[PDB]
Amino acid sequence: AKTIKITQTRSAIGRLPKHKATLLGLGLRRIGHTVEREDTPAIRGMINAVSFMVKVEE
Amino acid sequence: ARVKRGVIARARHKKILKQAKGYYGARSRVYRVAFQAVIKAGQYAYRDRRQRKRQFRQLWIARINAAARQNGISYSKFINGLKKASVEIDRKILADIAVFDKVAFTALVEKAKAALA
Amino acid sequence: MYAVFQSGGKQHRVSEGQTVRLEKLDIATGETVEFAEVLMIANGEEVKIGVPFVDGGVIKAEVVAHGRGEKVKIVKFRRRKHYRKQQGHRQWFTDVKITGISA
Amino acid sequence: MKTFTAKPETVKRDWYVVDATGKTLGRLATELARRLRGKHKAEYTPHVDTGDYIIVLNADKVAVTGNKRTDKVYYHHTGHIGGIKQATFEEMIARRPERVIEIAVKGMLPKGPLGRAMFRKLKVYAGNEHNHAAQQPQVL
RNA sequence: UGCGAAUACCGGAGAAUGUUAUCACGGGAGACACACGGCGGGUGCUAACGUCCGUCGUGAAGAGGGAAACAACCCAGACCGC
RNA sequence: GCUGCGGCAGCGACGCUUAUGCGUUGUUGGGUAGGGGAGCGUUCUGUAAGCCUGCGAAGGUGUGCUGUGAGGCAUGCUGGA
């Protein structure tokens, strides 16, 4: 899980398909922008591809 | 049915030709200047004002690093002391205290030196 | 006594100095309402008691004068690639003056 | 107001006297180059005209670290083509510390004009104290 | 090829998110010389800032920071002013 | 790049007000070919023997204010309708 409250990692346009997984998906725009999603399993899927990539901190 | 360009013809050239500085040779006398040079001016200008915000900062720290270190702790350690505070954080710029209120500044280096855990 | 504060840039180096700043909000015209700044004060910093903080007791602020909040400045500022030219543009503010009483 | 202390056109000049008879050689240049600019200096906004005033002594007592005593490219080619290039190792040149070695600061300064203002204007010599052809007055 | 991944692709539900991003029909197009870098390959000598496909990213049509100086590499994408 | 402060414009909302509109807010605003949308200015026609003018028109040159820009105006001087 661990997805409740996540701020973007730090990267402009460079990925290929993960951008849908995040910016176009999760709802993150520009770095540092944090989003707070629910705390259920279904969401972990998105952060996984971007594991060390994104930043979920607490 | 009259373009009679003459009518704005003049006003346009005159407009850009209005480069007081004169710059040098053709750079005022000839229309050639305008979009060649008057245009460069606009370009060189576009970046310098915004790129300048830092060129001074580079100076601000250049002097703080040159003032604060003379009395213990380098600029690297300075802002770190300063860093620890509840309200104590007044940024640089005014940081030039080293020029007018030396006593303040050196009384401010302790606010950091003695501050560094 | 010296002065010090931020609000749209740390512009508060000079003592009283009456220097430009930012803008009220709803409107500018002059007069006043008596707006104390905040204890960003360098303790005012100015006397036998120049203090590292600025924090030298609760409440310490100067009242805003509101000298003249108008004017602009105009700067062309125009970019252009090799096929275009946004060359045509302009954005300014009025920076209200403010004299500021004593610390 | 606009913060930046002006340029009083090289306002003050604090005189000094290094020793050079030390053992730091090349290391010394930096605190010798930083000085003629705005090192110990706080105010007097550099970038613009400025400087200080120190002076070297014998300096002939240097060894560098590694076998640099034996290296250092050093050539002062001239506008002469015809295949010139005057290479001389450090020790070969250390025989008469001239515009070089002690002058290792030149390559360390802003270069060109203004930086050029400080340049050799610190004096060098190679004998320490004896007949200081240089200004005897106030120094540290 | 008597075995067989990753994986891409196909369809089914589900929560959330993205100023229907999707599809259809209709007006106007331009566009079919692309170059480089990474990965998978034909070629060529696992030669070429070589050449021909695939795929992803950048340039083209992106300024800024970075690798001295280097369109394509790295970072980061420029509404204006401080 | 992000943040802070001010300002501009498009859209969704919010506060209301409510043709409407404005303040708050979220967000969008690199750009060749090219598509779409708004405008400035010039010569000529209507509105015009109305209005401006020899107590000085057009034009030339300076200046000041003004608009996002194309440009706008006010006026010194020249100028002679």
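Residues numbered from 1 in each chain as written, not as in the entry; some residues may be left out. Chains lettered and ligands numbered in written order. Part of a larger assembly, values for the part shown. Heavy atoms only, no water.

- Method information in the entry identifies cryo-EM as the source of the structure, with 3.9 Å recorded as the resolution.

**Structural notes on the overall build of chain D**
Consideration 1: Secondary structure summary: chain D contains 3 helices and 0 strands in total.
Consideration 2: In sequence order, chain D lays out its α and β elements as α-α-α.
Consideration 3: For chain D, the spread of C-alpha atoms along the three principal axes comes to 55 × 40 × 30 Å.
Consideration 4: Taking all 140 residues of chain D together, the buried fraction comes to 31%.
Consideration 5: Once local pairs closer than 6 in sequence are excluded, the contacts in chain D between residues at least 24 apart make up 64%.
Consideration 6: Taken together, the 25 basic and 14 acidic charged side chains of chain D have centroids lying 5 Å from each other. (Helix = DSSP H or I, 4+ residues; strand = E, 2+ residues; numbered from the N terminus. Buried < 20%, exposed > 50% of the residue type's maximum accessible area, 1.4 Å probe, protein only. Contact = heavy atoms within 4.5 Å. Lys, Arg positive; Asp, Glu negative; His and termini not counted. Charge placed at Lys NZ, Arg CZ, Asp CG, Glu CD.)

**Let's talk about a nonpolar patch on the surface**
Residues and elements named next belong to chain B.
Consideration 1: On the surface, a nonpolar cluster with roughly 330 Å² of combined accessible area is contributed by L17, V30, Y31 and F35.
Consideration 2: One can find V30 in the loop between α2 (26-29) and α3 (34-67).
Consideration 3: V30 gets classed as partly exposed once you look at its relative accessible area, which sits at 39%. (Patch = residues over 30% accessible without salt bridge, like charges linked within 9 Å, V, L, I, M, F, W, Y side chains within 5 Å. Areas by Shrake-Rupley, 256 points an atom, 1.4 Å probe, with all protein chains shown as cover. Salt bridge = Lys/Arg side-chain N within 4 Å of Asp/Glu carboxyl O.)

**Concerning the interface of chain D and chain B**
Consideration 1: Listed by partner, the interface residues are 12 residues for chain D and 11 residues for chain B.
Consideration 2: Summed over both sides, the interface between chain D and chain B buries roughly 990 Å², with carbon and sulfur atoms accounting for 56% of that surface.
Consideration 3: Inspection of the region where chain D meets chain B yields 0 salt bridges.
Consideration 4: Taken together, the links from chain D to chain B amount to 4 residue pairs in polar contact.
Consideration 5: Here the residues of the side of chain D that touches chain B sort into 3 nonpolar, 6 polar and 3 charged. (Buried area = accessible area lost by both parts, 1.4 Å probe. Polar contact = N/O pair within 3.5 Å; in protein donor to acceptor, adjacent residues only side chain to side chain. Nonpolar A, V, L, I, M, F, W, Y, C, P; charged D, E, K, R; others polar.)

**A few points about the protein's contact with RNA strand F**
Consideration 1: In the region of RNA strand F, 26 residues are neighbours, and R30 of chain A, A1 and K15 of chain B together with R84 and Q91 of chain C sit closest.
Consideration 2: Looking at RNA strand F alone, sugar and phosphate atoms form 85% of those within 4 Å of the protein.
Consideration 3: In this structure, a phosphate oxygen belonging to RNA strand F sits 3.4 Å away from a side-chain N or O atom of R29 of chain A.
Consideration 4: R2 of chain B places a main-chain nitrogen or oxygen 3.1 Å from a sugar or linking oxygen of RNA strand F.
Consideration 5: For the surface near RNA strand F, the class distribution of residues is 9 nonpolar, 5 polar and 12 charged. (Near = heavy atom within 4 Å.)

**A few points about α3 of chain B**
All names here are of chain B.
Consideration 1: For α3, which comprises 34 residues, the first-to-last C-alpha distance of 46 Å matches the rise-based estimate of 50 Å (1.5 Å per residue) to within 8%.
Consideration 2: In the structure, α3 departs most strongly from a straight axis at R52, where the bend amounts to approximately 40 degrees.
Consideration 3: Of the positions making up α3, those classed as buried are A34, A37, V38, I39, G42, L59, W60, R63, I64, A66 and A67.
Consideration 4: Packed against the buried residues of α3 are α1 (6-17), α2, α4 (75-83), α5 (97-100) and α6 (102-113). (Expected span 1.5 Å × (residues − 1). Bend = angle between axes of the 7 residues up to and from the residue.)

**Structural notes on the protein's contact with RNA strand E**
Consideration 1: Around RNA strand E lies a shell of 26 residues, among which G25 and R37 of chain A, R49 of chain B together with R79 and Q91 of chain C are the nearest.
Consideration 2: When atoms of RNA strand E within 4 Å of the protein are sorted by moiety, sugar and phosphate together comprise 79%.
Consideration 3: With respect to RNA strand E, the side chain of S11 of chain A contributes an N or O atom lying 3.4 Å from a phosphate oxygen.
Consideration 4: Between RNA strand E and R54 of chain B, the relevant distance is 3.3 Å, taken from a phosphate oxygen to a side-chain nitrogen or oxygen of the residue.
Consideration 5: Among the elements of the structure, α1 (18-26) of chain A together with α3 of chain B are those that each provide at least two residues to the surface near RNA strand E.
Consideration 6: No other element matches the 5 residues that α3 of chain B contributes to the surface near RNA strand E.
Consideration 7: Its residues placed into classes, the surface near RNA strand E shows 11 nonpolar, 6 polar and 9 charged.

**Observations concerning the environment of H33 of chain A**
All names here are of chain A.
Consideration 1: By the element assignment, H33 lies in the loop between α1 and β2 (34-35).
Consideration 2: As for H33 and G45, which are separated by 12 residues in sequence, their C-alpha atoms are 19 Å apart.
Consideration 3: For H33, the contacting residues outside a window of four places in its chain are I6, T7, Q8, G27 and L28.

**Notes on unusual backbone geometry**
Residue and element names in this part refer to chain D.
Consideration 1: Even without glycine at this site, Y74 takes up a positive phi of about 45 degrees.
Consideration 2: Structurally, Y74 is set in the loop between α1 (30-33) and α2 (90-93).
Consideration 3: With relative accessibility at 9%, the residue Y74 sits in the buried group.

**Some remarks on the nonpolar core**
All names here are of chain B.
Consideration 1: Membership of the largest hydrophobic core comes to 14 residues, with the highest contact counts inside it found for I64, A67, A68, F78, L82, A98 and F105.
Consideration 2: Elements that contribute at least two residues to this core include exactly α3, α4, α5 and α6.
Consideration 3: The greatest single-element share of this core, amounting to 5 residues, is contributed by α6.
Consideration 4: Not counting chain neighbours up to four residues away, the residues in contact with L82 comprise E88, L108, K111 and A112. (Core = buried A, V, L, I, M, F, W, Y, C linked by side-chain atoms within 4.5 Å.)

**Considering the interface of chain C and chain B**
Interface size, as often reported, equals the accessible area lost upon joining of the parts.
Consideration 1: At the junction of the two partners, chain C supplies 17 residues and chain B supplies 21 residues.
Consideration 2: Between chain C and chain B, a total of about 1800 Å² is buried, with carbon and sulfur atoms accounting for 66% of that surface.
Consideration 3: The three residues of chain C that bury the most area against chain B are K10, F53 and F77 of chain C, which together make up 31% of that side's buried surface.
Consideration 4: At the surface where chain C touches chain B, the tally comes to 0 salt bridges.
Consideration 5: Taken together, the connections running from chain C to chain B amount to 2 residue pairs in polar contact.
Consideration 6: Counted by class, the side of chain C that touches chain B contains 8 nonpolar, 1 polar and 8 charged residues.

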